[PDB]
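*Asks:* Before I ask anything, here is the structure I am working with.
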Number of protein chains: 2
Amino acid sequence: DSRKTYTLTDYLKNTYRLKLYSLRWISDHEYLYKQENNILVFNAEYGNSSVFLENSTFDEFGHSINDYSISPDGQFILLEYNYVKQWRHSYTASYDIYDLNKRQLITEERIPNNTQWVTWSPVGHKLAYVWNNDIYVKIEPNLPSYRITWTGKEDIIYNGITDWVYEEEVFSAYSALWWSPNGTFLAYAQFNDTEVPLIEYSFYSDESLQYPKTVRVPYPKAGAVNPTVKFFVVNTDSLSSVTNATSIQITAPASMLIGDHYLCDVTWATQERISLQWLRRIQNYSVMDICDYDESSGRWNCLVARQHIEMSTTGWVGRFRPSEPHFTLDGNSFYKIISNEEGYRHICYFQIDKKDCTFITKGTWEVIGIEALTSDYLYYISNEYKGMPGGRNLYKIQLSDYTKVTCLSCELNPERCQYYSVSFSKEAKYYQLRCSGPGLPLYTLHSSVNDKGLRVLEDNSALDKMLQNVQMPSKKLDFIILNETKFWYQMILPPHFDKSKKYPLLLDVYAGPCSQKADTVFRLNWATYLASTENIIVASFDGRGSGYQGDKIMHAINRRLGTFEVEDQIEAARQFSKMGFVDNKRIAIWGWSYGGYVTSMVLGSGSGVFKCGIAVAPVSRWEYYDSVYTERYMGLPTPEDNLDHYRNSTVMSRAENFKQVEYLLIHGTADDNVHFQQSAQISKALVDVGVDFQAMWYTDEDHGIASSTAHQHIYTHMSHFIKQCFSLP
Amino acid sequence: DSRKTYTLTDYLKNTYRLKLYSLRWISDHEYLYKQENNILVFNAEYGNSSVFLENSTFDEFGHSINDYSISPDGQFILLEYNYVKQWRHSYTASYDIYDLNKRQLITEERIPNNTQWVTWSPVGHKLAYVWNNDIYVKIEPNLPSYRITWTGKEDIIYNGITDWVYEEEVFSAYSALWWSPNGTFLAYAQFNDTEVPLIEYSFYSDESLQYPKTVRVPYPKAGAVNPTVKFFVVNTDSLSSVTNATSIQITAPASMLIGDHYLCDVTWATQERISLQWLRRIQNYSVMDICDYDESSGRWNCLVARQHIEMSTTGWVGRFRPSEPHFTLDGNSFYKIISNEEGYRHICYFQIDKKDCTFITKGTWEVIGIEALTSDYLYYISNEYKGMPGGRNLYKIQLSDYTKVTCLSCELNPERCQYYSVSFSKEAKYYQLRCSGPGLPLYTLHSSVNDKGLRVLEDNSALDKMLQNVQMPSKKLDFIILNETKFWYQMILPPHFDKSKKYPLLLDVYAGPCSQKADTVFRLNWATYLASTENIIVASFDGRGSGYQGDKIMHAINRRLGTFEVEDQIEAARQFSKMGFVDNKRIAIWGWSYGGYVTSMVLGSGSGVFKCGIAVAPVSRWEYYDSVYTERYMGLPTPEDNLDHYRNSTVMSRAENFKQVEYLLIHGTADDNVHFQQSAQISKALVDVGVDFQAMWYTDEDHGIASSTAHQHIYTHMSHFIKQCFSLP
Ligand SMILES: O=C([C@@H]1C[C@H](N2CCN(c3cc(C(F)(F)F)nc4ccccc34)CC2)CN1)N1CCSC1
Ligand SMILES: O=C([C@@H]1C[C@H](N2CCN(c3cc(C(F)(F)F)nc4ccccc34)CC2)CN1)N1CCSC1
Ligand SMILES: *[C@@H]1O[C@H](CO)[C@@H](O[C@@H]2O[C@H](CO)[C@@H](O)[C@H](O)[C@H]2NC(C)=O)[C@H](O)[C@H]1NC(C)=O
Ligand SMILES: *[C@@H]1O[C@H](CO)[C@@H](O[C@@H]2O[C@H](CO)[C@@H](O)[C@H](O)[C@H]2NC(C)=O)[C@H](O)[C@H]1NC(C)=O
Ligand SMILES: *[C@@H]1O[C@H](CO)[C@@H](O[C@@H]2O[C@H](CO)[C@@H](O)[C@H](O)[C@H]2NC(C)=O)[C@H](O)[C@H]1NC(C)=O
Ligand SMILES: *[C@@H]1O[C@H](CO)[C@@H](O[C@@H]2O[C@H](CO)[C@@H](O)[C@H](O)[C@H]2NC(C)=O)[C@H](O)[C@H]1NC(C)=O
Ligand SMILES: *[C@@H]1O[C@H](CO)[C@@H](O[C@@H]2O[C@H](CO)[C@@H](O)[C@H](O)[C@H]2NC(C)=O)[C@H](O)[C@H]1NC(C)=O
Ligand SMILES: *[C@@H]1O[C@H](CO)[C@@H](O)[C@H](O)[C@H]1NC(C)=O
Ligand SMILES: *[C@@H]1O[C@H](CO)[C@@H](O)[C@H](O)[C@H]1NC(C)=O
Ligand SMILES: *[C@@H]1O[C@H](CO)[C@@H](O)[C@H](O)[C@H]1NC(C)=O
Ligand SMILES: *[C@@H]1O[C@H](CO)[C@@H](O)[C@H](O)[C@H]1NC(C)=O
Ligand SMILES: *[C@@H]1O[C@H](CO)[C@@H](O)[C@H](O)[C@H]1NC(C)=O
Ligand SMILES: *[C@@H]1O[C@H](CO)[C@@H](O)[C@H](O)[C@H]1NC(C)=O
Ligand SMILES: *[C@@H]1O[C@H](CO)[C@@H](O)[C@H](O)[C@H]1NC(C)=O
């Protein structure tokens, strides 16, 4: 073979680019798609298009447009510019509204600058936005706003938006407002961070900044004071009739009010029925209320006969939180993924006023998500196919006959496609399938009426051609047996892989609770280069604590982070040695985030298995990480709860053992998530026992170390480190 | 040669210690010397001693005693404990006073905890101390203290102590209190930092600290708002229990009050005469006031006819600040080191009420300091001897006949001893000479009347014996000529140095204004180990900007930091690389603090001379460093003054040029002096141009990186880096 390899520069410079097909459904029949900067509208049934918005229309706008969104009625477009990222989901921007009829910009009563969130109503063209921590509503795009809240206060009171921990850990979103289905009501949460302690760290900014700024963020670490929450619903139809429309509070159940709790789900069921899920700070007890608008009293009442309890004896509730309900049209019943009697997550069907649900799926595999629901069918994604927990397929279950389950994606191309997600049109008339591996991504359109393939949207044939002329690595996905249990692993294997030879191995680690690092996804990444160019086998293993394989495995680390998931990585590397193609003198380990923690714990174990390793932005001590995530698995760091294990599971306590390995420690100085503190404490502990190691800080980079320059820099630095570690002198 | 070399562990574990002889003169005849925790009193004439304080007298004290301070009359001893370090000189402590005649601790009216500064009066046993930024006086150690100031406010108003910049850059002391010679009056300064911006940075503390704390220090960077100053004198003999003490203000001269200024010297001339020097923020103009107490008015009057102006056309005033005056017994005249018409610093004799002074010394060499003054002789240290700038000897000049200058140390032992300092007894009847190289330190005692060498106090005989068992490096001190100017260098040369072999060379740099890195001092340091064990030549060079050779050289970098001192290091290395015994493929550079700046500027020069280098806590951009030091050399960073050169002299602008060198960048995260910011901006600039480098932060270490464990870790890591840089294929 004399083809070039996939090199570091190929990775860093995006030589071989995966083609996507990102569409946005605007109705049951049409979607928007961007072609040469034009936004086209496509007819799903026939595949024909027209130009929805010419790439030239905003040449003289005066700013770069970061994103857009069309009002559901297609009458207006929201233009987003001046994008300034905040945390993982949050950002601020400027907004203009463009009238698609008059084909003109709206110049009056503009959405203000530094707006924190904006959303169209689900029908028509009402807008709700949050600015300086208060909610505002515009019935019409050109008319004055109605103020909804007056309590907003920077870093203290948040109306309609989440604080740091709710954004990161509870909602995975910045917005905390929820329009009712036809847009009459606006529901929202209000967060109060008054007594939440602040994390503080320096931000250096451009070199022109003479004094560094101190960034200050309300952030509860494990066992600290949490934000408190309240929930309100306002009738937006009353706004133009009343001076100051009342926000009606819906209070949490008595079973939540006894202690610290969270609001963890808000889902509208009908025009006049809302469901809310609450979670106790000890995250093994959750309560769903189902609340009806009382038209005579103007209030929202939650009948206790409609209250649903969800609890767990072996772990926490949900994968990362209680699952969302999917209501039938009439709002009298719902489906929900919950853990069955054998510990497998399956769809349960509830009547809103009956406490026992009926499971509609079962087996030793799990439902991943419910994707659409029509009067006749529920569509869901699972890992059932071929008993492969790292595969994903779309299924269709007949609501009038649960024995009728059709796999819609399994057989479409079984060699190329074992991992699917899906995007349904507005009332599920059409669906886009996204195949993401093990072959090249493939995007296809389908009609729900007959489940017929309409067309291939994107097959990545250009890329397939380019890759022919490259010595690509291959991927092996398989399992090993420990204590009568299957544990899955993957290997990125060098091209021309020869089982008779001995290769250096890099164990690529995440291993957090419900993680999955062994799967059928096609990836072009650093491991691609390491296998292709450096002849390194890059392996990953899903041990105890990993997800999508039932609660027995997932909850094995309950209250005991930093134990089995760490040991099982070491055991995996031993098993890979036994396999006879691994150079036992050249086994390395690396990971980012939770993976940095595990890497560090492994390097500090004294196992003798690993020559060297790299931790990027690691957790080092559970008391340093946020409350919601940490306590879910660890409970509270108090003498009476779990303090002893909090104190027993730190990186720092294993400092002496790092004498036996080569360690590289890396962290961004402006990481708001895993604070630089965490690595600062590892380095100090290594200094204190006289261990030499390598270190790199990334000025002003956060948890993603994702700026273009820092990304290239970190992977270049890590490559040098691995090459040196593995070099035969 | 089977002798051991001087190893890294030898340096790190202090295997070979220099013996000292630290004495404290208590009168014209006697000194105190700490010996095995016992404090002995010695008679200078005979060399006999008695015990003044047994090592066991405080066996039952309950605390480890940091330090001792015996009152001038020998009646009391101040006991210092609970020492908590603050900045370079500042710290807080607790104090008890032990009555030497009652043989008991004083338990009534104790000095409070967290006392910031304490000092005995110069005669007797009064005390002045600062606590919570206010001054208190105790007339007797068991009596209630009088409160002198009431305006003390943390981080804002400082009475009798310095703020950060005055401590670091003006006074080199935390103390801002000055007793009159017999203790009648107590003069003090008051600093007001109201509008001085704060540097803020994180401190991580022990692992147990859940949230890092933010340190906030009022610290004026270049061009920022400076602290303001006021000066006061209080009569301590007329204090009342009933009414508040009255402090008399002495205001600065009009030529100072017109703009920003500093108080830079306070020196009592007589019991009733005090001199003050003030310096403009533009530090090329200073003025001395000489002020007399008016018994009639109780006021202090500074006659204009007694005002002395000192300015510079080529640079700033004084070496690091205007020099201190040395008054005669009657206070009617004084001697002061000032730059003469050739730019050489010599002793000038002033009459208090005449503008012209008379130079009493002259020549192409410099007086370093005035050490003692009697009616017949002034005693000073200079580098006159053998025309060697890096040598120091003690001289005396006959005040009746300036042609009569006698060297008192030059010929004592010219081979061993070329660098002296001196300590005189109260009326200059005796002196202790401290020889510090080129041979082993030698401490001797002398009587002034006929300059007899009375006795050897400490000759390091023991260490000499040990060192003969070790392959010690030698030192060459010599010069090169640049533009017909002599510039001095030193080389630490490996044992068995062979001029025909080729050695790698490490250039050890400081190169700050008035620095001197080429001298005759004997050192046991990191360089000793590099030469002795690793066979590396360690060179240092004193180029333009360096000290003790006149203003032509010293002021060559005026308004132009990061130019000629940087170029001259490159030029010296260039010249060294053309010597037969130097391997031009293995020349490295390193420096700390100002030396780290210069190392970085050199590595970023694109000279091609250096393979690698290490910068420890470097300055990177002059706008980040403090006002008093920076502006002394650079003026103000405004377009009207010197901003263009502030902007041209940064490390960050040279980032691209690092592509051809190996660089190690190191910095303590709690550096209050050269902020971590400075290195954070270097790393970000290197990342931005895609340059790979090595880095190390030191959690919670300051500018000295001097904790036992951090000191060992840094030197270990640097040694690995150099060894790797110098390893041959
Ligand atoms: O940053 C963090 C944590 C992780 C935590 N993540 C964990 C992964 N997580 C989730 C991942 C995925 C996947 F993958 F299926 F799509 N799906 C989710 C679906 C619903 C909710 C959460 C999901 C989203 C939130 C947020 N902060 N650290 C935790 C310890 S080390 C640093
Ligand atoms: O830390 C600093 C600066 C240096 C500055 N130093 C410079 C050296 N300096 C001085 C050194 C010496 C020597 F030599 F005779 F002993 N003697 C002095 C006699 C009187 C006053 C100052 C002196 C004491 C003050 C304090 N902060 N940086 C400057 C730029 S990089 C970091
Ligand atoms: C809309 O009604 C709210 C609710 O009463 C008003 O907010 C209150 O204002 C008073 C006085 O300023 C405060 O003491 C209360 O604490 C506020 N309550 C809340 C929930 O914010 C608000 O001012 C009204 N807006 C207008 C324009 O009248
Ligand atoms: C959206 O749903 C809301 C809530 O049901 C509707 O508002 C109600 O409309 C009915 C008319 O059939 C009235 O009986 C009630 O007085 C209304 N209730 C409230 C709270 O306003 C609303 O009409 C629906 N909107 C649209 C556009 O269909
Ligand atoms: C320390 O300095 C500040 C000025 O920096 C003084 O505060 C000023 O005092 C004047 C007169 O009383 C006021 O009119 C100003 O408003 C103050 N200025 C600022 C910026 O606050 C303060 O009095 C000084 N303190 C002492 C003890 O001298
Ligand atoms: C220290 O010197 C001061 C200042 O000269 C002395 O105080 C003066 O002493 C004279 C002579 O007795 C008095 O007449 C003056 O009125 C005093 N002046 C002031 C301002 O107090 C003081 O006595 C001396 N102290 C010692 C211990 O010698
Ligand atoms: C102190 O230094 C400043 C700055 O170099 C000198 O001010 C300069 O003086 C002349 C005019 O007399 C011009 O070259 C510049 O316009 C001035 N520069 C600035 C920045 O103002 C000043 O003369 C020096 N003082 C002394 C006594 O030498
Ligand atoms: C697609 O084709 C049909 C004609 O058969 C037409 O009615 C429809 O408007 C077209 N859609 C677009 C988006 O061009
Ligand atoms: C705009 O659209 C046309 C295709 O109709 C294309 O030629 C052009 O590249 C697009 N982008 C521009 C002009 O920036
Ligand atoms: C937020 O909580 C604090 C209690 O710590 C309370 O004083 C304050 O009024 C609350 N503000 C609200 C709910 O707007
Ligand atoms: C929730 O967790 C705590 C700690 O494990 C436990 O004491 C409590 O009983 C748990 N609840 C359930 C339902 O198991
Ligand atoms: C030293 O000896 C003399 C007598 O020769 C005596 O007066 C003096 O006190 C002694 N000094 C000390 C400090 O022991
Ligand atoms: C200093 O602290 C100790 C311990 O708290 C206390 O007992 C003592 O009285 C304090 N000293 C003074 C002078 O206040
Ligand atoms: C002295 O001055 C301070 C404030 O300036 C005052 O509080 C105190 O009472 C005064 N004491 C006397 C005795 O006048």
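Just so we're on the same page: first chain in the structure tokens is A, next is B, and so on; residues restart at 1 for each chain, and ligands are numbered from 1 in the order they show up.
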To check your reading of the model: which residues sit at most 12 Å from ligand 7 when counting only C-alpha atoms and all ligand atoms? Write the answer as a compact mmCIF listing (two decimals) with C-alpha atoms, in the first residue's frame.

*Replies:*
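Dumped everything to part.txt:
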# COMPACT_ATOMS: atom_id res chain seq x y z
CA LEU B 279 10.05 62.46 43.56
CA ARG B 280 7.78 63.38 40.67
CA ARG B 281 5.81 60.57 39.02
CA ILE B 282 8.01 61.45 36.05
CA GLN B 283 11.05 60.25 37.99
CA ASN B 284 13.78 62.57 36.65
CA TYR B 285 13.13 65.35 39.18
CA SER B 286 13.36 65.03 42.96
CA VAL B 287 13.56 67.52 45.82
CA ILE B 309 16.93 69.75 43.79
CA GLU B 310 18.22 66.60 42.09
CA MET B 311 17.46 65.87 38.42
CA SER B 312 18.70 63.85 35.44
CA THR B 313 18.82 64.72 31.75
CA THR B 314 19.71 61.21 30.52
CA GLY B 315 17.40 59.09 32.69
CA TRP B 316 15.82 58.75 36.11
CA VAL B 317 17.14 59.86 39.53
CA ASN B 558 16.03 54.94 29.07
CA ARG B 559 12.47 54.92 27.67
CA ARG B 560 13.45 51.81 25.72
CA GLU B 631 7.46 54.46 34.54
CA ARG B 632 10.87 55.09 36.06
CA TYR B 633 12.32 53.57 32.88
CA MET B 634 9.46 53.99 30.41
CA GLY B 635 7.53 57.15 31.31
CA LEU B 636 3.75 56.98 30.77
CA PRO B 637 1.92 54.78 28.25
CA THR B 638 0.13 57.71 26.58
CA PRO B 639 0.38 58.83 22.92
CA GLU B 640 1.85 62.12 24.17
CA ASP B 641 4.59 60.30 26.11
CA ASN B 642 5.83 56.80 25.40
CA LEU B 643 2.91 54.55 24.38
CA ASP B 644 4.44 53.54 21.01
CA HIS B 645 7.40 51.93 22.78

*Asks:* Grab me every residue within 7 Å of ligand 8, counting only C-alpha atoms and all ligand atoms, and send it over as a list in words.

*Replies:* residues 41, 42, 43, 46, 48, 49 and 50 of chain A

*Asks:* Would you export the selected residues with C-alpha atoms as a short mmCIF file (atom, residue, chain, number, x, y, z; two decimals), in the first residue's frame, please?

*Replies:*
data_model
loop_
_atom_site.label_atom_id
_atom_site.label_comp_id
_atom_site.auth_asym_id
_atom_site.auth_seq_id
_atom_site.Cartn_x
_atom_site.Cartn_y
_atom_site.Cartn_z
CA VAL A 41 -38.15 25.35 0.48
CA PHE A 42 -38.66 21.67 -0.48
CA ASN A 43 -41.82 19.71 -1.18
CA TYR A 46 -42.06 15.27 -4.91
CA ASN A 48 -39.04 19.91 -5.97
CA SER A 49 -38.06 23.27 -4.52
CA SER A 50 -38.28 27.04 -4.84
#

*Asks:* Output as number ranges by chain the set of chain B residues within 8 Å of chain A, with distances taken over only C-alpha atoms.

*Replies:* B: 199-202, 204, 207, 210-214, 221, 623-624, 677, 680-681, 683-684, 687-692, 694-699, 709-710, 712-713, 716-717

*Asks:* Write out, as a short mmCIF file (atom, residue, chain, number, x, y, z; two decimals), in the first residue's frame, the residues just selected, with N, CA and C atoms.

*Replies:*
data_model
loop_
_atom_site.label_atom_id
_atom_site.label_comp_id
_atom_site.auth_asym_id
_atom_site.auth_seq_id
_atom_site.Cartn_x
_atom_site.Cartn_y
_atom_site.Cartn_z
N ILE B 199 -5.68 44.52 41.44
CA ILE B 199 -5.43 43.24 40.78
C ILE B 199 -6.22 42.17 41.55
N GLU B 200 -6.86 41.28 40.81
CA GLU B 200 -7.59 40.18 41.41
C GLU B 200 -7.10 38.86 40.79
N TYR B 201 -6.97 37.84 41.62
CA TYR B 201 -6.55 36.52 41.15
C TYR B 201 -7.00 35.45 42.14
N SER B 202 -7.12 34.22 41.67
CA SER B 202 -7.61 33.12 42.49
C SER B 202 -6.53 32.52 43.38
N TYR B 204 -6.29 28.98 45.67
CA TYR B 204 -6.99 27.70 45.74
C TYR B 204 -6.97 27.14 47.14
N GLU B 207 -6.81 21.60 49.77
CA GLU B 207 -7.79 20.80 49.05
C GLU B 207 -9.20 20.93 49.65
N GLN B 210 -13.62 24.49 49.30
CA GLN B 210 -14.52 24.07 48.25
C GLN B 210 -14.55 25.06 47.10
N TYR B 211 -14.57 26.36 47.42
CA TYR B 211 -14.57 27.46 46.45
C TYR B 211 -13.26 28.25 46.58
N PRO B 212 -12.54 28.46 45.45
CA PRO B 212 -11.31 29.26 45.51
C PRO B 212 -11.62 30.69 45.95
N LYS B 213 -10.70 31.29 46.69
CA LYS B 213 -10.92 32.67 47.05
C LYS B 213 -10.25 33.59 46.06
N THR B 214 -10.78 34.79 45.95
CA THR B 214 -10.22 35.80 45.09
C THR B 214 -9.44 36.78 45.96
N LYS B 221 -1.03 49.48 37.93
CA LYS B 221 -0.24 49.15 36.76
C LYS B 221 0.20 50.45 36.08
N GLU B 623 2.73 47.48 30.23
CA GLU B 623 1.48 47.99 30.79
C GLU B 623 0.89 47.11 31.89
N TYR B 624 1.38 45.87 32.01
CA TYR B 624 0.89 44.96 33.04
C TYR B 624 1.65 45.12 34.33
N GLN B 677 -1.46 36.67 34.71
CA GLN B 677 -1.83 37.39 33.48
C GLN B 677 -0.70 37.52 32.44
N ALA B 680 -0.10 34.21 30.98
CA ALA B 680 -1.36 33.83 30.32
C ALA B 680 -1.49 34.47 28.93
N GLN B 681 -0.99 35.70 28.78
CA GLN B 681 -1.07 36.38 27.49
C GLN B 681 0.00 35.86 26.52
N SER B 683 1.19 32.62 26.46
CA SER B 683 0.67 31.34 25.99
C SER B 683 -0.42 31.54 24.93
N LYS B 684 -1.35 32.47 25.17
CA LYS B 684 -2.44 32.72 24.22
C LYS B 684 -1.91 33.20 22.86
N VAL B 687 -0.33 30.07 21.10
CA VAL B 687 -1.43 29.25 20.60
C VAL B 687 -2.01 29.83 19.31
N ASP B 688 -2.22 31.15 19.32
CA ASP B 688 -2.81 31.86 18.19
C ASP B 688 -2.00 31.82 16.89
N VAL B 689 -0.68 31.63 16.97
CA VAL B 689 0.16 31.51 15.77
C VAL B 689 0.56 30.05 15.53
N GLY B 690 0.00 29.14 16.32
CA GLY B 690 0.27 27.72 16.12
C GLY B 690 1.68 27.30 16.51
N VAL B 691 2.24 27.91 17.56
CA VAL B 691 3.58 27.51 18.04
C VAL B 691 3.45 26.56 19.23
N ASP B 692 4.09 25.39 19.16
CA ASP B 692 4.06 24.47 20.30
C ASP B 692 5.11 24.89 21.33
N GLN B 694 6.37 24.23 25.91
CA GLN B 694 6.21 23.55 27.20
C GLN B 694 5.74 24.55 28.25
N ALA B 695 4.89 24.10 29.17
CA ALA B 695 4.40 25.01 30.20
C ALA B 695 4.29 24.34 31.56
N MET B 696 4.36 25.16 32.59
CA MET B 696 4.11 24.70 33.94
C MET B 696 3.59 25.85 34.79
N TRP B 697 2.40 25.70 35.36
CA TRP B 697 1.92 26.61 36.40
C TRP B 697 2.24 26.01 37.78
N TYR B 698 2.39 26.88 38.79
CA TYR B 698 2.59 26.45 40.17
C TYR B 698 1.46 27.01 41.04
N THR B 699 0.52 26.14 41.33
CA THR B 699 -0.65 26.50 42.10
C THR B 699 -0.24 27.14 43.42
N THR B 709 8.64 22.43 48.46
CA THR B 709 8.25 21.44 47.45
C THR B 709 8.22 22.07 46.04
N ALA B 710 7.67 23.27 45.90
CA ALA B 710 7.64 23.92 44.59
C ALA B 710 9.04 24.26 44.06
N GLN B 712 11.92 22.62 44.73
CA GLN B 712 12.46 21.37 44.23
C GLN B 712 11.83 20.95 42.89
N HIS B 713 10.51 21.12 42.76
CA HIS B 713 9.79 20.70 41.56
C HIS B 713 10.18 21.52 40.33
N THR B 716 13.81 20.70 39.24
CA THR B 716 13.79 19.36 38.65
C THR B 716 13.27 19.40 37.22
N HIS B 717 12.20 20.15 37.00
CA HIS B 717 11.51 20.18 35.72
C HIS B 717 12.38 20.92 34.68
#

*Asks:* Write out as number ranges by chain each polymer residue (protein, DNA or RNA) that has an atom no more than 7 Å from ligand 6, with only C-alpha atoms and all ligand atoms counted.

*Replies:* B: 182-184, 237, 271-272, 295

*Asks:* Output N, CA and C atoms of each residue in that selection to a file, as an mmCIF file, in the first residue's frame.

*Replies:*
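Once written, part.cif looks like this:
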data_model
loop_
_atom_site.group_PDB
_atom_site.id
_atom_site.type_symbol
_atom_site.label_atom_id
_atom_site.label_comp_id
_atom_site.auth_asym_id
_atom_site.auth_seq_id
_atom_site.Cartn_x
_atom_site.Cartn_y
_atom_site.Cartn_z
ATOM 1 N N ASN B 182 16.621 60.224 69.349
ATOM 2 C CA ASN B 182 16.447 59.883 70.768
ATOM 3 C C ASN B 182 15.013 59.458 71.140
ATOM 4 N N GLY B 183 14.137 59.374 70.139
ATOM 5 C CA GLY B 183 12.781 58.852 70.343
ATOM 6 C C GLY B 183 11.713 59.849 70.755
ATOM 7 N N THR B 184 12.065 61.133 70.817
ATOM 8 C CA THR B 184 11.072 62.161 71.132
ATOM 9 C C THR B 184 9.920 62.132 70.135
ATOM 10 N N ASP B 237 6.524 62.468 73.584
ATOM 11 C CA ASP B 237 6.756 62.865 74.977
ATOM 12 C C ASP B 237 5.562 63.623 75.564
ATOM 13 N N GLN B 271 18.041 65.798 66.513
ATOM 14 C CA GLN B 271 16.863 65.600 67.371
ATOM 15 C C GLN B 271 15.677 66.436 66.912
ATOM 16 N N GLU B 272 15.952 67.543 66.231
ATOM 17 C CA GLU B 272 14.904 68.490 65.862
ATOM 18 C C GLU B 272 14.911 68.851 64.370
ATOM 19 N N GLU B 295 10.068 75.319 68.410
ATOM 20 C CA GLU B 295 9.568 75.123 69.769
ATOM 21 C C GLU B 295 8.449 76.110 70.140
#

*Asks:* Considering only C-alpha atoms and all ligand atoms, give me a table of residues in chain A that are at most 9 Å from ligand 9, with the closest atom pair and distance in Å for each, as JSON lines.

*Replies:*
{"residue": "A:35", "atom": "CA", "partner": "ligand 9", "partner_atom_place_in_ligand_line": "4 (C)", "distance": 7.9}
{"residue": "A:36", "atom": "CA", "partner": "ligand 9", "partner_atom_place_in_ligand_line": "10 (C)", "distance": 5.1}
{"residue": "A:37", "atom": "CA", "partner": "ligand 9", "partner_atom_place_in_ligand_line": "11 (N)", "distance": 5.8}
{"residue": "A:38", "atom": "CA", "partner": "ligand 9", "partner_atom_place_in_ligand_line": "2 (O)", "distance": 5.9}
{"residue": "A:51", "atom": "CA", "partner": "ligand 9", "partner_atom_place_in_ligand_line": "5 (O)", "distance": 8.8}
{"residue": "A:54", "atom": "CA", "partner": "ligand 9", "partner_atom_place_in_ligand_line": "2 (O)", "distance": 6.9}
{"residue": "A:55", "atom": "CA", "partner": "ligand 9", "partner_atom_place_in_ligand_line": "1 (C)", "distance": 5.1}
{"residue": "A:56", "atom": "CA", "partner": "ligand 9", "partner_atom_place_in_ligand_line": "13 (C)", "distance": 6.6}

*Asks:* Keeping N, CA, C and O atoms for every residue in the selection just given, could you write it to a file as a compact mmCIF listing (two decimals), in the first residue's frame?

*Replies:*
# COMPACT_ATOMS: atom_id res chain seq x y z
N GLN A 35 -28.86 25.94 0.54
CA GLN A 35 -28.07 25.56 -0.64
C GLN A 35 -27.35 26.79 -1.18
O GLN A 35 -28.00 27.77 -1.55
N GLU A 36 -26.02 26.73 -1.22
CA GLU A 36 -25.17 27.87 -1.63
C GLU A 36 -25.65 29.19 -0.98
O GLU A 36 -25.85 30.19 -1.67
N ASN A 37 -25.84 29.15 0.34
CA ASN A 37 -26.32 30.31 1.13
C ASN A 37 -27.78 30.77 0.91
O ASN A 37 -28.28 31.60 1.67
N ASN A 38 -28.42 30.25 -0.13
CA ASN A 38 -29.86 30.44 -0.32
C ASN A 38 -30.60 29.51 0.62
O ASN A 38 -30.14 28.39 0.89
N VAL A 51 -36.99 29.01 -4.26
CA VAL A 51 -36.14 29.80 -3.40
C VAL A 51 -37.04 30.47 -2.37
O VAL A 51 -37.99 31.16 -2.73
N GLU A 54 -33.47 34.45 -1.04
CA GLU A 54 -32.23 34.60 -1.81
C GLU A 54 -31.04 35.01 -0.94
O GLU A 54 -31.17 35.88 -0.07
N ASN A 55 -29.90 34.37 -1.18
CA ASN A 55 -28.66 34.64 -0.44
C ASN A 55 -28.21 36.11 -0.48
O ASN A 55 -27.29 36.51 0.25
N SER A 56 -28.86 36.91 -1.32
CA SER A 56 -28.51 38.32 -1.49
C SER A 56 -29.40 39.31 -0.71
O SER A 56 -29.04 40.47 -0.56
